[PDB]
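Novice: File work31.cif below, mmCIF, C-alpha atoms:
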```
data_start
#
loop_
_atom_site.label_atom_id
_atom_site.label_comp_id
_atom_site.auth_asym_id
_atom_site.auth_seq_id
_atom_site.Cartn_x
_atom_site.Cartn_y
_atom_site.Cartn_z
CA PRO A 1 69.50 124.55 82.93
CA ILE A 2 66.13 124.88 84.62
CA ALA A 3 65.04 122.71 87.54
CA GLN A 4 61.36 122.61 88.52
CA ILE A 5 61.19 120.94 91.93
CA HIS A 6 57.88 119.96 93.49
CA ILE A 7 58.28 119.53 97.24
CA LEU A 8 55.89 118.68 100.04
CA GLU A 9 54.39 121.41 102.18
CA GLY A 10 55.93 122.14 105.56
CA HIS A 11 59.55 122.77 104.70
CA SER A 12 61.27 125.69 106.32
CA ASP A 13 62.45 128.72 104.39
CA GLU A 14 65.95 127.73 105.53
CA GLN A 15 65.65 124.28 103.93
CA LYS A 16 64.34 125.84 100.71
CA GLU A 17 67.28 128.21 100.43
CA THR A 18 69.67 125.33 101.09
CA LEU A 19 67.77 123.32 98.48
CA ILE A 20 68.12 126.09 95.91
CA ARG A 21 71.84 126.63 96.59
CA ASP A 22 72.95 123.00 96.78
CA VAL A 23 70.88 121.75 93.87
CA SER A 24 72.09 124.61 91.67
CA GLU A 25 75.71 123.84 92.53
CA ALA A 26 75.06 120.14 91.86
CA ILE A 27 73.38 120.89 88.51
CA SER A 28 76.17 123.33 87.58
CA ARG A 29 78.88 120.77 88.34
CA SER A 30 77.02 117.90 86.64
CA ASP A 31 75.61 119.64 83.55
CA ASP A 32 78.85 121.57 82.78
CA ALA A 33 76.90 124.83 83.00
CA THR A 34 77.82 128.09 84.68
CA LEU A 35 76.23 128.48 88.10
CA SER A 36 74.67 131.79 87.06
CA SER A 37 72.72 130.10 84.27
CA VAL A 38 70.98 127.61 86.60
CA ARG A 39 67.37 128.53 87.47
CA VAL A 40 65.39 126.67 90.10
CA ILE A 41 61.64 126.87 90.74
CA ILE A 42 60.23 125.40 93.94
CA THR A 43 56.56 124.45 93.83
CA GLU A 44 54.95 123.27 97.05
CA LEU A 45 52.39 120.45 96.90
CA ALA A 46 49.36 120.44 99.15
CA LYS A 47 48.84 116.88 100.37
CA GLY A 48 45.38 116.93 98.75
CA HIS A 49 46.98 117.72 95.37
CA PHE A 50 49.60 114.92 95.31
CA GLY A 51 48.58 111.38 94.29
CA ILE A 52 50.57 108.15 94.63
CA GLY A 53 48.92 105.06 93.22
CA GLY A 54 45.60 106.90 93.16
CA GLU A 55 45.81 107.84 96.85
CA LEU A 56 46.40 111.18 98.50
CA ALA A 57 50.01 111.45 99.67
CA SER A 58 48.88 111.86 103.26
CA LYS A 59 47.41 108.36 103.18
CA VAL A 60 50.54 106.58 101.88
CA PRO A 61 53.25 107.79 104.37
CA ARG A 62 55.18 104.63 105.33
CA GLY A 63 55.77 103.06 101.93
CA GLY A 64 54.53 105.13 99.04
CA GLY A 65 57.62 107.09 98.18
CA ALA A 66 56.03 110.55 98.49
CA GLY A 67 58.97 112.85 98.04
CA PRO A 68 60.46 115.60 95.90
CA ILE A 69 59.89 115.37 92.14
CA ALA A 70 62.26 117.35 89.93
CA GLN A 71 62.15 118.04 86.20
CA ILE A 72 65.46 119.39 84.91
CA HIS A 73 65.51 121.02 81.48
CA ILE A 74 68.97 120.83 79.90
CA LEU A 75 70.32 121.54 76.45
CA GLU A 76 71.14 118.67 74.11
CA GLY A 77 74.70 117.39 73.75
CA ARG A 78 75.40 115.63 77.08
CA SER A 79 76.39 111.97 77.25
CA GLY A 80 74.45 109.26 79.04
CA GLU A 81 77.04 109.31 81.83
CA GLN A 82 76.92 113.07 82.38
CA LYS A 83 73.13 112.93 82.55
CA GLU A 84 73.38 110.03 85.03
CA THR A 85 75.67 112.15 87.21
CA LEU A 86 73.18 115.00 86.96
CA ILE A 87 70.37 112.78 88.20
CA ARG A 88 72.44 111.33 91.06
CA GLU A 89 74.06 114.52 92.33
CA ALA A 90 70.88 116.62 92.04
CA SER A 91 68.97 113.91 93.92
CA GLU A 92 71.62 113.83 96.65
CA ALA A 93 71.44 117.63 96.86
CA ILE A 94 67.65 117.51 97.18
CA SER A 95 67.79 114.74 99.79
CA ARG A 96 70.20 116.38 102.24
CA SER A 97 68.70 119.85 101.82
CA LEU A 98 65.17 118.71 102.69
CA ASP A 99 66.17 115.85 105.03
CA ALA A 100 64.12 113.64 102.70
CA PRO A 101 65.01 109.97 102.23
CA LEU A 102 66.97 109.68 99.01
CA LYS A 103 64.82 106.77 97.82
CA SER A 104 61.80 109.10 97.73
CA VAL A 105 63.49 111.61 95.39
CA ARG A 106 62.48 111.35 91.72
CA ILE A 107 64.18 113.25 88.91
CA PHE A 108 63.60 113.29 85.18
CA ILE A 109 65.49 115.13 82.46
CA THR A 110 64.01 116.79 79.38
CA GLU A 111 66.47 117.66 76.62
CA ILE A 112 65.97 120.88 74.64
CA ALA A 113 67.44 121.25 71.15
CA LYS A 114 69.46 124.44 70.67
CA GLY A 115 66.95 125.65 68.06
CA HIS A 116 64.19 125.31 70.68
CA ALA A 117 65.97 127.32 73.39
CA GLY A 118 65.73 131.10 73.53
CA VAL A 119 67.50 133.58 75.77
CA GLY A 120 66.70 137.26 75.37
CA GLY A 121 64.65 136.46 72.29
CA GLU A 122 67.57 134.81 70.46
CA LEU A 123 68.28 131.18 69.66
CA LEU A 124 71.05 129.74 71.80
CA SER A 125 72.46 128.00 68.72
CA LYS A 126 73.07 131.44 67.18
CA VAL A 127 74.31 133.56 70.09
CA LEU A 128 76.77 130.79 71.02
CA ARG A 129 78.71 131.34 67.84
CA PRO B 1 54.49 107.80 85.03
CA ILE B 2 53.77 111.32 86.28
CA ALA B 3 50.68 113.34 85.42
CA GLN B 4 50.70 117.12 85.91
CA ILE B 5 47.05 118.18 85.66
CA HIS B 6 46.11 121.85 85.60
CA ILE B 7 42.49 122.33 86.68
CA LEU B 8 40.42 125.41 87.40
CA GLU B 9 39.78 126.66 90.91
CA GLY B 10 36.55 125.74 92.63
CA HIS B 11 36.70 121.95 92.60
CA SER B 12 35.87 120.07 95.77
CA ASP B 13 38.35 117.99 97.73
CA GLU B 14 36.32 114.88 96.86
CA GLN B 15 36.43 115.71 93.14
CA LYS B 16 40.20 116.12 93.47
CA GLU B 17 40.46 112.82 95.35
CA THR B 18 38.32 111.07 92.71
CA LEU B 19 40.38 112.63 89.91
CA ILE B 20 43.60 111.32 91.43
CA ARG B 21 42.13 107.84 91.80
CA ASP B 22 40.35 107.59 88.45
CA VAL B 23 43.13 109.10 86.31
CA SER B 24 45.84 107.03 88.05
CA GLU B 25 44.06 103.75 87.35
CA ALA B 26 43.49 104.78 83.72
CA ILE B 27 47.16 105.71 83.38
CA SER B 28 48.17 102.43 85.01
CA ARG B 29 46.05 100.29 82.68
CA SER B 30 47.20 102.11 79.52
CA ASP B 31 50.89 102.57 80.35
CA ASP B 32 51.27 98.95 81.61
CA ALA B 33 52.66 100.45 84.82
CA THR B 34 52.32 99.41 88.43
CA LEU B 35 49.60 101.47 90.10
CA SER B 36 51.96 102.40 92.95
CA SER B 37 54.33 104.03 90.43
CA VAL B 38 51.70 106.43 89.02
CA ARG B 39 52.04 109.96 90.40
CA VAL B 40 49.54 112.79 89.93
CA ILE B 41 50.21 116.47 90.63
CA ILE B 42 47.14 118.71 90.66
CA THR B 43 47.75 122.40 89.96
CA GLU B 44 44.89 124.87 90.31
CA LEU B 45 44.62 127.77 87.84
CA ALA B 46 42.94 131.04 88.72
CA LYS B 47 40.76 132.09 85.81
CA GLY B 48 42.61 135.40 85.72
CA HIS B 49 45.72 133.35 84.89
CA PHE B 50 44.19 131.26 82.06
CA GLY B 51 44.09 132.60 78.51
CA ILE B 52 42.01 131.23 75.65
CA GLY B 53 42.51 133.04 72.36
CA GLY B 54 44.23 135.83 74.28
CA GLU B 55 41.18 136.44 76.48
CA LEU B 56 40.97 135.59 80.18
CA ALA B 57 38.83 132.60 81.07
CA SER B 58 37.17 134.79 83.71
CA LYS B 59 36.12 137.33 81.03
CA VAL B 60 34.53 134.74 78.72
CA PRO B 61 31.42 132.89 79.97
CA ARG B 62 32.04 129.24 80.74
CA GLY B 63 31.67 127.03 77.73
CA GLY B 64 34.42 129.19 76.20
CA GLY B 65 36.81 126.22 76.20
CA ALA B 66 38.57 126.78 79.54
CA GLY B 67 39.12 123.27 80.87
CA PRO B 68 41.65 120.85 82.30
CA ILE B 69 45.11 120.61 80.77
CA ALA B 70 47.16 117.53 81.59
CA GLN B 71 50.76 116.71 80.76
CA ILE B 72 51.62 113.05 81.19
CA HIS B 73 55.25 111.99 81.40
CA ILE B 74 55.75 108.33 80.42
CA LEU B 75 58.82 106.28 79.61
CA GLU B 76 59.66 105.51 76.00
CA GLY B 77 58.60 102.15 74.58
CA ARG B 78 54.82 102.45 74.23
CA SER B 79 53.24 102.21 70.80
CA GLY B 80 51.18 104.93 69.15
CA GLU B 81 48.04 102.86 69.80
CA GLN B 82 48.77 102.42 73.50
CA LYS B 83 49.44 106.17 73.76
CA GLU B 84 46.11 106.94 72.09
CA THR B 85 44.40 104.67 74.62
CA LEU B 86 46.24 106.50 77.41
CA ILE B 87 45.08 109.87 76.06
CA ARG B 88 41.46 108.82 75.61
CA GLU B 89 40.97 107.00 78.92
CA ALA B 90 42.83 109.56 81.03
CA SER B 91 40.82 112.35 79.36
CA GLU B 92 37.57 110.55 80.14
CA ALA B 93 38.73 110.07 83.73
CA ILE B 94 39.50 113.79 84.01
CA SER B 95 36.14 114.71 82.48
CA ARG B 96 34.00 112.40 84.64
CA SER B 97 35.94 113.25 87.83
CA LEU B 98 35.71 117.03 87.54
CA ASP B 99 32.28 117.07 85.90
CA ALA B 100 34.09 118.93 83.08
CA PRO B 101 32.96 118.73 79.45
CA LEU B 102 35.16 116.24 77.63
CA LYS B 103 35.57 118.64 74.69
CA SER B 104 37.35 121.07 77.06
CA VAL B 105 39.96 118.51 78.25
CA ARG B 106 43.48 118.68 76.79
CA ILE B 107 46.17 116.05 77.36
CA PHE B 108 49.59 115.73 75.88
CA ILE B 109 52.23 113.05 76.39
CA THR B 110 55.93 113.74 76.92
CA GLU B 111 58.13 110.68 76.61
CA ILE B 112 61.14 110.24 78.87
CA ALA B 113 64.08 108.51 77.23
CA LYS B 114 65.59 105.71 79.26
CA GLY B 115 68.52 107.02 81.21
CA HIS B 116 66.66 110.31 81.77
CA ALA B 117 64.53 109.10 84.72
CA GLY B 118 65.89 108.72 88.23
CA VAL B 119 64.68 107.37 91.55
CA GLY B 120 66.94 107.66 94.59
CA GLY B 121 69.65 109.18 92.42
CA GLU B 122 69.85 106.09 90.21
CA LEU B 123 68.67 105.63 86.65
CA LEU B 124 65.45 103.68 86.25
CA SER B 125 67.17 101.80 83.41
CA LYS B 126 69.90 100.63 85.84
CA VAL B 127 67.92 99.89 89.01
CA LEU B 128 65.84 97.76 86.61
CA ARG B 129 68.58 95.17 85.98
CA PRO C 1 60.43 134.74 83.37
CA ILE C 2 60.26 131.34 81.67
CA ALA C 3 57.93 130.39 78.82
CA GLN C 4 57.32 126.74 78.02
CA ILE C 5 55.54 126.76 74.68
CA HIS C 6 54.13 123.45 73.50
CA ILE C 7 53.48 123.66 69.75
CA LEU C 8 52.54 121.13 67.11
CA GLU C 9 55.16 119.66 64.79
CA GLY C 10 55.61 121.02 61.29
CA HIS C 11 56.57 124.62 61.96
CA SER C 12 59.55 125.99 60.12
CA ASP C 13 62.76 126.94 61.90
CA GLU C 14 62.16 130.57 60.96
CA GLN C 15 58.68 130.41 62.50
CA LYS C 16 60.29 128.97 65.64
CA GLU C 17 62.90 131.73 65.75
CA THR C 18 60.27 134.44 65.19
CA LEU C 19 58.09 132.86 67.89
CA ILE C 20 60.97 132.96 70.37
CA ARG C 21 61.82 136.57 69.57
CA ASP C 22 58.26 137.91 69.37
CA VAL C 23 57.02 136.17 72.54
CA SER C 24 60.14 137.15 74.49
CA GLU C 25 59.58 140.81 73.64
CA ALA C 26 55.88 140.46 74.48
CA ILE C 27 56.79 138.91 77.85
CA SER C 28 59.56 141.46 78.49
CA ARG C 29 57.34 144.50 77.93
CA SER C 30 54.33 143.12 79.83
CA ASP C 31 56.15 141.53 82.79
CA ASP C 32 58.47 144.54 83.15
CA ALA C 33 61.41 142.14 82.87
CA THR C 34 64.76 142.57 81.17
CA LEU C 35 64.83 140.89 77.76
CA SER C 36 67.95 138.92 78.68
CA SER C 37 66.00 137.39 81.60
CA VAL C 38 63.24 135.98 79.35
CA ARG C 39 63.79 132.29 78.66
CA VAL C 40 61.76 130.36 76.11
CA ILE C 41 61.57 126.58 75.75
CA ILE C 42 59.87 125.19 72.68
CA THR C 43 58.62 121.62 72.98
CA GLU C 44 57.27 120.02 69.84
CA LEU C 45 54.23 117.79 70.31
CA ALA C 46 53.65 114.97 67.87
CA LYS C 47 50.03 115.05 66.78
CA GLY C 48 49.78 111.47 68.06
CA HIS C 49 50.72 112.84 71.51
CA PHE C 50 48.14 115.65 71.69
CA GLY C 51 44.59 114.93 72.85
CA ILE C 52 41.53 117.16 72.57
CA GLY C 53 38.42 115.69 74.14
CA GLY C 54 40.15 112.33 74.22
CA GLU C 55 40.82 112.28 70.46
CA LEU C 56 44.26 112.57 68.90
CA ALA C 57 45.07 115.87 67.22
CA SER C 58 46.21 113.80 64.22
CA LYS C 59 42.71 112.30 63.85
CA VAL C 60 40.74 115.56 64.12
CA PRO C 61 40.73 118.07 61.26
CA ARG C 62 42.41 121.46 61.63
CA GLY C 63 40.58 123.91 63.91
CA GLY C 64 39.51 120.86 65.91
CA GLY C 65 40.99 122.82 68.82
CA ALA C 66 44.57 121.56 68.62
CA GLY C 67 46.74 124.61 69.20
CA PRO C 68 49.73 126.05 71.04
CA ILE C 69 49.79 125.71 74.82
CA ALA C 70 52.06 128.05 76.75
CA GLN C 71 52.94 128.11 80.44
CA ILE C 72 54.68 131.29 81.59
CA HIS C 73 56.34 131.35 85.00
CA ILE C 74 56.62 134.87 86.38
CA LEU C 75 57.44 136.31 89.77
CA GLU C 76 54.60 137.42 91.99
CA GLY C 77 53.64 141.09 92.04
CA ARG C 78 52.02 141.84 88.67
CA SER C 79 48.45 143.15 88.55
CA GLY C 80 45.51 141.47 86.85
CA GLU C 81 45.64 144.05 84.09
CA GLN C 82 49.37 143.51 83.53
CA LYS C 83 48.84 139.74 83.51
CA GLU C 84 45.91 140.04 81.12
CA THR C 85 48.06 142.15 78.80
CA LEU C 86 50.83 139.55 79.10
CA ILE C 87 48.33 136.84 78.15
CA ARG C 88 46.86 138.81 75.24
CA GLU C 89 50.13 140.01 73.74
CA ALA C 90 51.93 136.70 74.20
CA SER C 91 48.93 134.91 72.63
CA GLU C 92 48.97 137.34 69.70
CA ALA C 93 52.72 136.86 69.37
CA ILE C 94 52.29 133.07 69.26
CA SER C 95 49.38 133.23 66.80
CA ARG C 96 51.13 135.40 64.19
CA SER C 97 54.47 133.63 64.66
CA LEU C 98 53.04 130.16 64.02
CA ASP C 99 50.25 131.30 61.68
CA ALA C 100 47.98 129.46 64.17
CA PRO C 101 44.40 130.57 64.87
CA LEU C 102 44.36 132.93 67.83
CA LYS C 103 41.44 131.11 69.43
CA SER C 104 43.43 127.84 69.42
CA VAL C 105 46.18 129.46 71.52
CA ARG C 106 46.11 128.69 75.27
CA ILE C 107 48.36 130.48 77.75
CA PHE C 108 48.38 130.21 81.50
CA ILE C 109 50.44 132.03 84.10
CA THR C 110 52.12 130.38 87.08
CA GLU C 111 53.25 132.80 89.79
CA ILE C 112 56.43 132.09 91.76
CA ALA C 113 57.02 133.45 95.23
CA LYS C 114 60.30 135.36 95.43
CA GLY C 115 61.59 132.82 97.99
CA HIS C 116 60.71 129.94 95.61
CA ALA C 117 62.83 131.14 92.68
CA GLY C 118 66.56 130.51 92.47
CA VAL C 119 69.05 132.09 90.09
CA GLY C 120 72.70 131.04 90.22
CA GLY C 121 71.85 129.27 93.46
CA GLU C 122 70.57 132.41 95.20
CA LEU C 123 67.01 133.44 95.99
CA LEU C 124 65.52 136.00 93.61
CA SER C 125 64.38 137.85 96.74
CA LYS C 126 68.13 138.57 97.18
CA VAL C 127 69.41 139.08 93.62
CA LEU C 128 66.31 140.93 92.34
#
```
Have the structure of the file written as structure tokens, please.

Specialist:
Amino acid sequence: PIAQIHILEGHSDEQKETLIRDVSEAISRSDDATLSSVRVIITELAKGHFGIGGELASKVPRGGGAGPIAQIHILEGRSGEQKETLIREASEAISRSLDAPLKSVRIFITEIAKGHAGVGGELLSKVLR
Amino acid sequence: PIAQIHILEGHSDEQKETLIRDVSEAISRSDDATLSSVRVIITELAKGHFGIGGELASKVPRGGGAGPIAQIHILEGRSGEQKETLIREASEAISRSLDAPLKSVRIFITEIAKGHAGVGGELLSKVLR
Amino acid sequence: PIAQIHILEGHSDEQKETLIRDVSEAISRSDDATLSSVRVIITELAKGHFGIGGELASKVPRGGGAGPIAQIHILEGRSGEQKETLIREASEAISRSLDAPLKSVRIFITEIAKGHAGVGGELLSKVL
């Protein structure tokens, strides 16, 4: 699985490494994937490049929810409950790693069909066999 | 809904602020979503990192088709007609905000299935009830 | 490196397989990355979900500008010439694989700092 995590500027390198480790362990546990196959990309958001309700994030601090946004690409074949656990445990991993309020953490999942997933130039549905 | 909008370098902070405001209101009206729940991520693209027809945008004089690219994540349940309205009005908002030719603006919609979107570690479909 | 390739519906499964193989080799050679480390995600875009100039791709004739859109995440450290070659050869790989007009193919590169990329829970700046 692949997690693209947009985070706010100003986090320490130490938080980012903790974010990468904990979220990858959470995704591994929750997606039933090997740890080694989990890739994480951190993208930092300048406050002038992040909009909530049409406002810059810097202008909606108290109530707007400005927080990490994660898109997790997983292969097809997981149940609703396993994907719910993925969303919960990855969000908890993001929250404690960044000391960000859990309610500000947003995660969405995109499912990839095996015929749309390539590793080393080969379809996953064919190397699996 | 979440809009990831790739724009070229060189836009002003006010253009970026106007883009966030104008596109968020257009997305709100067309997605039947609360304004506060619309999120916009602006990503700047160096022209040496943008390929059109295999040629760098920086090596082809402007007018070559290098322009904004937006991906809009919305929840399932909107009709084809509502999605076409979303695409048209958000594209116009991008064009007028960045003073970018409309013909250069690309938008695509990715639908999130219910149970694939989380806030605070909880499914949107379950916090909803 | 990771390639997210948004393509229009209607391509055959063999075109999709050839796309994944040809682009992965194009990325591997040009990014100086091991083939096994090249990941490709195909996302199919319904023509009712693809806008050019505010008009649906389904309502504009072919060559209206609807074409593949690829985002390639690579680690920092490649030169402009290497990145231009990556863009050209990946775009050519996409065009011939999908029998899509080359000029309708859009590719952009996103650079990742070494400390912003995680593999197996460890920073790429450590695994390398």

Novice: What are the coordinates of chain A as a CSV table (one decimal) with C-alpha atoms, in the coordinates of the input following a least-squares fit to chain B on all in-order C-alpha atoms?

Specialist:
```csv
chain,number,residue,atom,x,y,z
A,1,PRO,CA,54.3,108.0,85.1
A,2,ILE,CA,53.7,111.5,86.3
A,3,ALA,CA,50.6,113.5,85.5
A,4,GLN,CA,50.5,117.2,86.1
A,5,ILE,CA,46.9,118.3,85.9
A,6,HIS,CA,45.9,122.0,85.9
A,7,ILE,CA,42.3,122.4,87.0
A,8,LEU,CA,40.1,125.4,87.5
A,9,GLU,CA,39.5,126.8,90.9
A,10,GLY,CA,36.3,125.8,92.8
A,11,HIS,CA,36.5,122.0,92.7
A,12,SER,CA,35.6,120.2,95.9
A,13,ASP,CA,38.2,118.2,97.8
A,14,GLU,CA,36.0,115.2,97.1
A,15,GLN,CA,36.2,115.7,93.3
A,16,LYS,CA,40.0,116.1,93.6
A,17,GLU,CA,40.4,112.8,95.4
A,18,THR,CA,38.2,111.1,92.8
A,19,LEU,CA,40.3,112.8,90.1
A,20,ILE,CA,43.5,111.5,91.7
A,21,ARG,CA,42.2,108.0,92.1
A,22,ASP,CA,40.5,107.5,88.8
A,23,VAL,CA,43.1,109.2,86.7
A,24,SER,CA,45.8,107.1,88.3
A,25,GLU,CA,43.9,103.9,87.7
A,26,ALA,CA,43.3,105.0,84.0
A,27,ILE,CA,47.0,105.9,83.6
A,28,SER,CA,48.1,102.6,85.2
A,29,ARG,CA,45.8,100.6,82.9
A,30,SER,CA,46.8,102.5,79.8
A,31,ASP,CA,50.5,103.0,80.3
A,32,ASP,CA,51.1,99.4,81.5
A,33,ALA,CA,52.6,100.8,84.8
A,34,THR,CA,52.0,99.7,88.3
A,35,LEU,CA,49.5,101.8,90.1
A,36,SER,CA,52.0,102.5,92.9
A,37,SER,CA,54.3,104.2,90.4
A,38,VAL,CA,51.8,106.7,89.2
A,39,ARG,CA,52.2,110.2,90.7
A,40,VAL,CA,49.6,113.0,90.1
A,41,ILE,CA,50.0,116.7,90.9
A,42,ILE,CA,46.9,118.9,90.9
A,43,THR,CA,47.6,122.6,90.3
A,44,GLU,CA,44.6,125.0,90.6
A,45,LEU,CA,44.4,127.9,88.2
A,46,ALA,CA,43.1,131.2,89.3
A,47,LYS,CA,40.8,132.6,86.5
A,48,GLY,CA,43.1,135.6,86.2
A,49,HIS,CA,46.1,133.3,85.5
A,50,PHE,CA,44.5,131.2,82.7
A,51,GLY,CA,44.4,132.6,79.1
A,52,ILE,CA,42.4,131.3,76.1
A,53,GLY,CA,43.0,133.1,72.9
A,54,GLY,CA,44.5,136.0,74.8
A,55,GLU,CA,41.4,136.3,77.1
A,56,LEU,CA,41.0,135.5,80.8
A,57,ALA,CA,39.2,132.2,81.2
A,58,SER,CA,36.4,133.9,83.0
A,59,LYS,CA,35.5,135.9,79.9
A,60,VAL,CA,35.3,132.9,77.5
A,61,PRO,CA,32.9,130.6,79.4
A,62,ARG,CA,30.4,129.4,76.7
A,63,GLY,CA,32.7,128.5,73.9
A,64,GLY,CA,36.4,128.8,74.8
A,65,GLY,CA,37.1,125.3,76.0
A,66,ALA,CA,38.5,126.3,79.4
A,67,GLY,CA,39.0,123.0,81.1
A,68,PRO,CA,41.6,120.7,82.7
A,69,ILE,CA,45.0,120.6,81.0
A,70,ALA,CA,47.2,117.5,81.8
A,71,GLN,CA,50.8,116.8,81.0
A,72,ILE,CA,51.6,113.1,81.4
A,73,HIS,CA,55.3,112.1,81.6
A,74,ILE,CA,55.8,108.5,80.5
A,75,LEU,CA,58.9,106.4,79.7
A,76,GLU,CA,59.8,105.7,76.1
A,77,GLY,CA,58.8,102.4,74.5
A,78,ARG,CA,55.0,102.6,74.1
A,79,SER,CA,53.3,102.3,70.8
A,80,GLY,CA,51.1,105.0,69.1
A,81,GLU,CA,48.0,103.0,70.0
A,82,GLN,CA,48.9,102.6,73.7
A,83,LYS,CA,49.6,106.3,74.0
A,84,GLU,CA,46.3,107.1,72.3
A,85,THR,CA,44.5,104.9,74.9
A,86,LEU,CA,46.4,106.8,77.6
A,87,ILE,CA,45.1,110.1,76.3
A,88,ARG,CA,41.5,108.9,75.9
A,89,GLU,CA,41.1,107.0,79.2
A,90,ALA,CA,42.9,109.7,81.2
A,91,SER,CA,40.7,112.4,79.6
A,92,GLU,CA,37.6,110.3,80.4
A,93,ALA,CA,38.8,109.9,84.0
A,94,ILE,CA,39.4,113.7,84.3
A,95,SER,CA,36.0,114.5,82.8
A,96,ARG,CA,33.8,112.3,85.0
A,97,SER,CA,35.8,113.1,88.2
A,98,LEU,CA,35.4,116.9,87.8
A,99,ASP,CA,32.1,116.9,86.0
A,100,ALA,CA,33.9,118.8,83.2
A,101,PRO,CA,32.8,118.4,79.6
A,102,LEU,CA,35.1,116.0,77.9
A,103,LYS,CA,35.6,118.3,74.9
A,104,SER,CA,37.3,120.8,77.3
A,105,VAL,CA,39.9,118.3,78.5
A,106,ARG,CA,43.3,118.6,77.0
A,107,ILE,CA,46.1,116.2,77.5
A,108,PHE,CA,49.7,116.0,76.1
A,109,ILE,CA,52.3,113.3,76.6
A,110,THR,CA,56.0,113.9,77.0
A,111,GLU,CA,58.3,110.9,76.6
A,112,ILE,CA,61.3,110.4,78.8
A,113,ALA,CA,64.2,108.3,77.6
A,114,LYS,CA,65.3,105.7,80.2
A,115,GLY,CA,68.7,107.4,80.5
A,116,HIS,CA,66.9,110.6,81.4
A,117,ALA,CA,64.8,109.1,84.2
A,118,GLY,CA,66.1,108.7,87.7
A,119,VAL,CA,64.5,107.0,90.7
A,120,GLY,CA,66.4,107.1,94.0
A,121,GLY,CA,69.4,108.6,92.3
A,122,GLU,CA,69.7,105.7,89.8
A,123,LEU,CA,69.0,105.5,86.1
A,124,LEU,CA,65.9,103.5,85.4
A,125,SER,CA,67.7,101.8,82.5
A,126,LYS,CA,70.1,100.4,85.0
A,127,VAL,CA,68.0,99.4,88.0
A,128,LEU,CA,65.6,97.6,85.6
A,129,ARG,CA,68.2,95.0,84.7
```

Novice: Hey, could you make a per-residue contact list for chain C against chain B with 8 Å as the cut-off, showing the nearest pair of atoms and its distance in Å to one decimal, counting all atoms listed in the file, sorted by chain and number, as a Markdown table?

Specialist:
```
| residue | atom | partner | partner_atom | distance |
| --- | --- | --- | --- | --- |
| C:45 | CA | B:108 | CA | 7.5 |
| C:48 | CA | B:80 | CA | 6.8 |
| C:49 | CA | B:109 | CA | 5.1 |
| C:50 | CA | B:108 | CA | 4.4 |
| C:51 | CA | B:107 | CA | 4.9 |
| C:52 | CA | B:106 | CA | 4.9 |
| C:53 | CA | B:103 | CA | 4.1 |
| C:54 | CA | B:88 | CA | 4.0 |
| C:55 | CA | B:88 | CA | 6.2 |
| C:56 | CA | B:84 | CA | 6.7 |
| C:80 | CA | B:48 | CA | 6.8 |
| C:83 | CA | B:49 | CA | 7.2 |
| C:84 | CA | B:56 | CA | 6.7 |
| C:87 | CA | B:54 | CA | 5.7 |
| C:88 | CA | B:54 | CA | 4.1 |
| C:89 | CA | B:54 | CA | 7.3 |
| C:90 | CA | B:54 | CA | 7.7 |
| C:91 | CA | B:54 | CA | 5.1 |
| C:92 | CA | B:54 | CA | 6.8 |
| C:102 | CA | B:53 | CA | 4.9 |
| C:103 | CA | B:53 | CA | 3.7 |
| C:104 | CA | B:53 | CA | 6.0 |
| C:105 | CA | B:53 | CA | 5.2 |
| C:106 | CA | B:52 | CA | 4.8 |
| C:107 | CA | B:51 | CA | 4.8 |
| C:108 | CA | B:50 | CA | 4.4 |
| C:109 | CA | B:49 | CA | 5.0 |
| C:110 | CA | B:49 | CA | 7.4 |
```

Novice: Given the file above and the PyMOL selection byres ((chain A and resi 34-36) around 7), which residues are selected, and can you give them as number ranges by chain?

Specialist: A: 24-25, 28, 32-33, 37-38; C: 119-121

Novice: Counting all atoms listed in the file, which residues from chain B have an atom at most 12 Å from any atom of chain A, and could you show them as a ChimeraX atom specification?

Specialist: /B:1-7,11-29,33-44,73-75,110-127

Novice: Once the PyMOL selection byres ((chain C and resi 76) around 6) has been evaluated on this model, what residues remain selected, and can you format them as a PyMOL selection string?

Specialist: chain C and resi 75+77+111-113

Novice: Please list, as a count of residues only, the residues that have an atom at most 7 Å away from (57.6, 132.3, 82.2) in the coordinates of this file, counting all atoms listed in the file.

Specialist: 8

Novice: As a tab-separated table (two decimals), keeping the file's coordinate frame, could you write out segment 13-18 of chain A once it has been completed with N, CA and C atoms?

Specialist:
```tsv
chain	number	residue	atom	x	y	z
A	13	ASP	N	61.79	127.84	105.35
A	13	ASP	CA	62.45	128.72	104.39
A	13	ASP	C	63.94	128.44	104.34
A	14	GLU	N	64.53	128.03	105.47
A	14	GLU	CA	65.95	127.73	105.53
A	14	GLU	C	66.29	126.48	104.72
A	15	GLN	N	65.45	125.45	104.79
A	15	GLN	CA	65.65	124.28	103.93
A	15	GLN	C	65.52	124.65	102.46
A	16	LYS	N	64.56	125.50	102.11
A	16	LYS	CA	64.34	125.84	100.71
A	16	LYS	C	65.52	126.60	100.14
A	17	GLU	N	66.11	127.51	100.92
A	17	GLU	CA	67.28	128.21	100.43
A	17	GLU	C	68.46	127.26	100.28
A	18	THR	N	68.62	126.33	101.23
A	18	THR	CA	69.67	125.33	101.09
A	18	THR	C	69.40	124.44	99.89
```
